[PDB]
Amino acid sequence: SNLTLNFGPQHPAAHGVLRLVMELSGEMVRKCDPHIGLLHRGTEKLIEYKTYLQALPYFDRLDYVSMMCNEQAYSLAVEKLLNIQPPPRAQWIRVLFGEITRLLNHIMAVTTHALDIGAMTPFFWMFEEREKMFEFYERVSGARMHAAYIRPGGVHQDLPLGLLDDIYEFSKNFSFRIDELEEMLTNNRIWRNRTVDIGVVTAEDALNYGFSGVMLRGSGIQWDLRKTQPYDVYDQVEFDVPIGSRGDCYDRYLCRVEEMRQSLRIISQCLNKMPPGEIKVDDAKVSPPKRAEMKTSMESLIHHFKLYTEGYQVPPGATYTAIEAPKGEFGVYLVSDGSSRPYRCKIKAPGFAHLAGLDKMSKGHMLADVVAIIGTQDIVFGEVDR
Amino acid sequence: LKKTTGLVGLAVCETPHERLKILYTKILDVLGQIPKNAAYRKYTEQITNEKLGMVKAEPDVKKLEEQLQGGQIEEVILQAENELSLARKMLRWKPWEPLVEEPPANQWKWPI
Amino acid sequence: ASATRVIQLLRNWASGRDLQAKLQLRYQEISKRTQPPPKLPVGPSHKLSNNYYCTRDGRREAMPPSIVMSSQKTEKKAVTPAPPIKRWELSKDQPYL
Amino acid sequence: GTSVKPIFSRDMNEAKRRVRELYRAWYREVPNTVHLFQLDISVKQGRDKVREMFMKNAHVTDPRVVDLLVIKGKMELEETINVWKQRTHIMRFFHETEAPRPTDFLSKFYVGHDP
Amino acid sequence: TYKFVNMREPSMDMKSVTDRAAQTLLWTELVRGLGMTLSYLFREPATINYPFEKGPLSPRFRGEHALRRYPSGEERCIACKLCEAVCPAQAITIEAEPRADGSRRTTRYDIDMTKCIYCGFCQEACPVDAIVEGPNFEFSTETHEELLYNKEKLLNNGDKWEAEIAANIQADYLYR
Amino acid sequence: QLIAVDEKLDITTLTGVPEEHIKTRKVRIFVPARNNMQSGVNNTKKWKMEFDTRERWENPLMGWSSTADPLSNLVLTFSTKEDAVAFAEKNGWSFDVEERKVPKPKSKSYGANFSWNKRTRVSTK
Amino acid sequence: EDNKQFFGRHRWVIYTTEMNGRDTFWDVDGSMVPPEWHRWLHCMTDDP
Amino acid sequence: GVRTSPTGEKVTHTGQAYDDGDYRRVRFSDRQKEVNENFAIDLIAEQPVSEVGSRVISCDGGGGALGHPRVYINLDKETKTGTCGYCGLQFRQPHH
Amino acid sequence: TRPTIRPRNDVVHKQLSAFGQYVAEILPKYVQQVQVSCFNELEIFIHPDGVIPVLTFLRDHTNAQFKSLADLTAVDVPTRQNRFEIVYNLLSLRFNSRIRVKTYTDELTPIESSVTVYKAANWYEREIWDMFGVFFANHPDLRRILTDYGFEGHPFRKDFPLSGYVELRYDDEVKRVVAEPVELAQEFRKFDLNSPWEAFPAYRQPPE
Amino acid sequence: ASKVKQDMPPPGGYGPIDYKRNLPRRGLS
Ligand code: SF4
Ligand code: SF4
Ligand SMILES: [Zn+2]
């Protein structure tokens, strides 16, 4: 008989409320059975009882490490259904904060992966940088993480009068912190022993199982949604896409580090190219007017009242909108029946498919290797369970 | 000649021209058993004939890869095997027959 | 920053880099916590003339999906969903890490 | 006619056969469940509860509905055997903290407005 | 446009082989990692002396809710119920009637702070700047009931925090 | 393969609704009346199914409105009354149907406001 | 204040030993700061 | 404008005080009852009526964009004063 | 029409229309309808019996090559006789395109499991079964994935109440967590927001 | 007649930001 073991939910390596039922012969893993749903909150039904603006803060709490990226995907879906266009300055702000968010997510992923493996130190070095980016979030929206800044019309508020300078000051020091992380990990023989040839997935298998993002790029597949299906102003920035060679945990780690560097590159470009103008679509039947207009003009007051009580109506139709979120392809299948409430909202999270493939990726490995594989899949269970 | 296809689990092919010719001949042979008026047969025959002509006319592997637009001839071989398997399946399925059933009148009506 | 120069030398030697050049604590180069007021430019629809809403109504230009091949109702060259993707180029900046 | 597609059974006889098989499996499982979960019920109570749950759906006359009921019962059995379930889940069948709600007219009239 | 992260081949000359043998036998990269940690030991820690020292915040910061007044001392809230309609958590409960002088005022104004997501949508929706999220964040309670705010509690919060709330609004209202 | 089932459709044992909320419930199938405060008729196009109102009481703390009825908020939208009836029948709910009420066509005439001998003449305008 | 400290350690409060009625020689907390000094201390503004 | 009930409980601006036989008063024993002491109806009743030399006046609550939406108040009735429906301020024309 | 209105792309619209015609001609046995949405999103309505052939053709055909399944979900429309609408989203990397395939079913009719065509579907079909109660035939390991152990009913169905039928609490007499009929201190407040005036003339339905 | 004031990059541009990996050799033979 194989030993049957509960891995989580109350486990440090679990990375959330995961009940990994594991069959083991000695420490060899014979079978992985991920039991999820310990963080299923019934988000999609709730979204059905809300208006389109009331449903936005749910996308903050889907993947709690990539908040604005989740907001951007939902906003793109709703804007596509509304047949409107965000203004250019809003799109530049969106891309800038999406890259800052990608930095946040990649720091969290790499350091928690190292912490599982046993290298506890880089976490503390990188979480101070995460703290400074949380400060950027807070200055723009008043919240450290669940900002709700990106709205289906653009962004809620314009940047405060000295934010770009501080973002520049942060961005010109971050590369040295990445360098210190790489000094700790990249050439360590212990880290390579714990990561090289662990959780190897082929290109064909990665495509069929539904993988996306780094889980594809580590296996040599050349696919990045920002390059192939660009959104906002991603076609106007220059960056390279890291590609792996072996499909293992080590290659995925290198891809994420290089991705962090390329995000610094994109941020530098966005800082030097931010244009002037308004921040939300100049269409008061979709985006609320300014407060001075709301307090002086009859139409502005009527539209403020109606947008905050009933909300805008969205013409009937269904869309599937996908973005390159820091964890992979993040999608929304949004169905509108013509009213101000969404009829259906299905959320596609890359972690769902990655966790469904965890059992495949752990064949012939031990317990510690399974811990490394869970770390390398970059799983947050808010997006998996919803 | 070439090392490292670059995709994990995709081995480098020695003698890819012969493999491609064999696969395309098998594909045409399987398509020969489908009714001639079926759209699948004529479309697949047309594309297969173009690819086979391209393979026959270009002895150079990199130039052939650039002509085929199929991404690294090992992938072209894999796609040919996929098409052969699909051709056998379509022979068994016969999707050229008339529509099996008509849906209810308001089944695809939206909104509501 | 503020520390002894011998400790700075030991730090630089152990880390291998000049630490002082890129300090991770923000000493005084960040923006002031009080700023002048902004002015914020208005949008393109803030015109007083030639601004009828029916000419800038994006919601009302959406239409039901276009129907191709309802079942209830020449060589014909084969076709694909979109032209094949061009192969990627290898990063003239830094092709190999 | 009525032009329906089956799940597993073509008539009520095959559906009844599957029901009997699932009942046999639950009957065999009950003592192991009582041992593993350290339940304070008897095996007789557990088998009585299994019979009561089976008889809750005795009025069904559609083979497809019966097939779905057997599929759900097999899902529950698989869940119980593998210990995915906890003692709270098993004990949820017995409603031990639910005060008995009366069924006669007068008591209902006394307590409130609901029929 | 792409780059490779692990497609580099190692040199096979005798010098390179001897350097790699020295790396294997004398553990050079491990000493590099030790040097990095030793370097961090001599830096100044990024820790702050809480509660004496506080983390930086912004005028846009979302915290505990408050109900404000006009300078005359009259309440700003007119019971339009836009905050109650917009609240995604349904955390706001409002009941209103004509006041003794005929004014349109609330008789019940509750916020369930354990329902609230602190999104700030209500202060955006308020047309008279009556409901705000003030700057306070240190209001942990020992019981659940203390976090069910009624109108008296919110008016008291407004009275207690008005000096800072008005200064925060003055610094941010031109971005709104 | 088809098996020719002969019985009426019935899915109650699969829905998981407690039997109390299947047998003692009454649904109303109706086209909602136009709100008399407005003239728009767009809310009078579809059929609605809604459940009977149950007890609501006052919360001892805060005085909120408490309920023990899980179906107190459920409203279903249907294209036609037949669809609503079929749904209620297959779910096992007793239903009451009301025929759709439409406003009758009215003969309007502006000139009647100025009748030579008729009572219709307006005393003001 | 001490502007030569890094951001975060450049402003601080030494709390009173005797608040409204309670002894605060040891028992202090961040809620004892009044709102105006709260605005200055959390760096919402530069002006005391 | 605070005032106590015959039970010694403060009466709020709303006017709600628990009745003598109401058990819910037990929630305040060993604790206190939250009552805001600045009654808005009394504070607005102290403001002086503004005299303006026009039939129609405008009010925005002061502060421009920091007040309420701007409204126009007619001041033709001389038996009463024009009251803002947002702020509660009163206006009149110079009379007698 | 310029600054605030989303721009159009007629080239992609034409390409998707032609490819939809292509797919319909190749598989007349199953394809019932083909649509191209205004924002260039190809949709193909089919018969349920053709779930496995269509997808197989779409993932295997040289001119198709949709080797990746973005996601698979279901929509509940109670007014339809076939309640549930099964939606497959597919991505082609070779041709950088997306396609949506839709079919229908009701409560008692199984759909063929497509795990063989796509390995990714496993958990998607389990999720559809859990949330909507749609059985998938020949599924490797079909069981609940999102809901609690022993949970009765399917939450995503339109008829199911938002707060469900039971809640949980710890009971000290039995010393364990128990499930009881839901009681709410504050009832969810239902809002009626729909405006009585029509918003979009282009979608007006005939007056029957 | 006040002019538009808005958070923008300074005239010309911000100073260049390093992003490439910097791992020195740092050893003997
Ligand atoms: S902050 Fe958000 S959740 Fe809280 S009361 Fe205001 S609107 Fe509701
Ligand atoms: S707080 Fe503001 S939005 Fe809420 S009811 Fe009062 S006036 Fe209306
Ligand atoms: Zn006023």
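Scalar couplings 3J(HN,Hα) for segment A:84-100, obtained by applying the Karplus form with A = 6.51, B = -1.76, C = 1.60 to θ = phi - 60°, are 10, 9, x, x, x, 5, 4, 5, 5, 4, 4, 5, 4, 6, x, 6, 4 Hz; x denotes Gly and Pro. Shape class for the protein assembly as shown, computed from the alpha carbon gyration tensor (a ≥ b ≥ c): rounded, with a/c under 1.5. Dipole magnitude for segment F:19-113: about 740 debye, using +1 per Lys or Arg Cβ and -1 per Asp or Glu Cβ, origin at the Cα centre. Computed from Cα positions, the angle between helix I:10-26 and the longest principal axis of chain I comes to roughly 80 degrees. How tilted is helix F:81-91 with respect to the longest principal axis of chain F? Cα atoms for both, answer in degrees (0 to 90, nearest 10). Compared with the principal axis, the helix lies near 20 degrees. Using alpha carbon centroids, what distance separates segment I:22-42 and segment D:1-59, in Å? Their Cα centres are 45 Å away from one another. For segment I:114-175, the set of trypsin sites (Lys or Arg not before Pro) satisfying both a DSSP loop assignment and a count of at most 11 other C-beta atoms within 10 Å is given as I:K175. Cα centroid separation, segment I:146-165 to segment A:190-260: 38 Å. Close amide-amide hydrogen proximity is noted between I:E167 and I:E180, I:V182, each under 5 Å apart and 5 or more residues distant or on a separate chain (H modeled in the peptide plane; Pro and chain starts excluded).
By the count of neighbouring beta-carbon atoms within 10 Å, fewest first, H:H95, A:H15 end up ordered H:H95, A:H15.
For chain I, the longest principal axis of the Cα atoms and the long axis of helix I:51-60 meet at an angle of about 50 degrees. So if a site counts as exposed when it's one of the trypsin sites (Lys or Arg not before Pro), its DSSP state isn't H, G, I, E or B, and it has at most 12 other Cβ atoms within 10 Å, what's the longest stretch of chain G without one? My reading of the result: G:23-48 is the longest stretch. Packing, taken as the mean count of other beta carbons within 10 Å per residue, orders the peptides A:240-246, E:148-154 from highest to lowest as A:240-246, E:148-154.
Out of the trypsin sites (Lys or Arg not before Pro) in segment H:44-96, which ones are loop residues according to DSSP with at most 11 other C-beta atoms within 10 Å? Passing sites in segment H:44-96 are H:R55, H:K77, H:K80. Counting only other chain Cβ atoms within 10 Å of each residue's Cβ, the peptide I:43-51 averages 4. The spacing between segment E:1-63 and segment B:1-23, judged by their C-alpha centroids, is 41 Å.
Which entries of B:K109/F:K81; A:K360/B:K89; A:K132/A:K327; A:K50/A:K306 have Cα-Cα distances beyond 24 Å here? Let's see the in-between values first.
On the way: B:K109/F:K81 17 Å; A:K360/B:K89 27 Å; A:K132/A:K327 21 Å; A:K50/A:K306 15 Å.
Too far apart for the 24 Å limit: A:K360/B:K89.
Within a straight-line Cα-Cα reach of under 19 Å, C:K47 can be paired with the following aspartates and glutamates, leaving aside sequence neighbours fewer than 8 residues apart in one chain: A:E278, A:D282, A:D283, A:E293, A:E299, C:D57. With contacts taken as Cα pairs under 8 Å and at least 6 residues apart, chain G reaches a relative contact order of 23 percent. Phi angles across segment E:67-72 convert, under the Karplus curve 6.51 cos²θ - 1.76 cosθ + 1.60 with θ = phi - 60°, into 3J(HN,Hα) values of 9, 9, 10, 6, x, 6 Hz, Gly and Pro given as x.
For chain I, take N as its residue count and report Rg(C-alpha) divided by 2.2 N^0.38 Å. Working shown, then result.
Values: Rg = 21.6 Å, N = 208, 2.2 N^0.38 = 16.7 Å.
My calculation over the Cα atoms of chain I gives 1.29.
Along the axis of the charge dipole computed for chain E (Cβ charges of +1 for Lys and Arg, -1 for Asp and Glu, origin at the Cα centre), the listed residues E:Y40, E:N6, E:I165 are led at the positive end by E:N6.
With 10 angstrom as the radius, rank A:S212, E:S58, J:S2, E:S103 by how many other C-beta atoms surround their C-beta, starting from the fewest. Could you put the intermediate results ahead of the total?
Values: A:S212 28, E:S58 24, J:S2 6, E:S103 21.
Placing the least packed residue first, the sequence is J:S2, E:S103, E:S58, A:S212.
Scoring B:76-86, C:36-46, A:253-263 by mean Cβ neighbours within 10 Å over their residues and listing the highest first yields A:253-263, B:76-86, C:36-46. Ranked for footprinting exposure by Cβ neighbours inside 10 Å, fewest first, A:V155, C:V79, F:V31 give C:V79, F:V31, A:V155. Ordering F:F87, F:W47, F:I22 by the projection of their Cα atoms onto the charge dipole of segment F:19-113, which places +1 on the Cβ of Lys and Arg and -1 on the Cβ of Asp and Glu, puts F:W47 at the extreme positive end.
The GluC sites (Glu not before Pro) found in segment H:1-94 that occupy coil by DSSP, while having at most 10 further C-beta atoms within 10 Å, are H:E46, H:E78. Taking only the C-alpha atoms of segment F:19-113, Rg followed by Dmax gives 18.6, 63 Å.
Annotation: amide H-H contacts under 5 Å for F:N59 (H modelled 1.01 Å from N, sequence separation of 5 or more, or interchain): F:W64, F:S65, F:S66.
A short reminder: the numbers here are calculations on the coordinates, not readings from a lab. In this analysis, Cβ positions are derived from the backbone assuming ideal geometry, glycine residues included, and neighbour counts consider all displayed protein chains.
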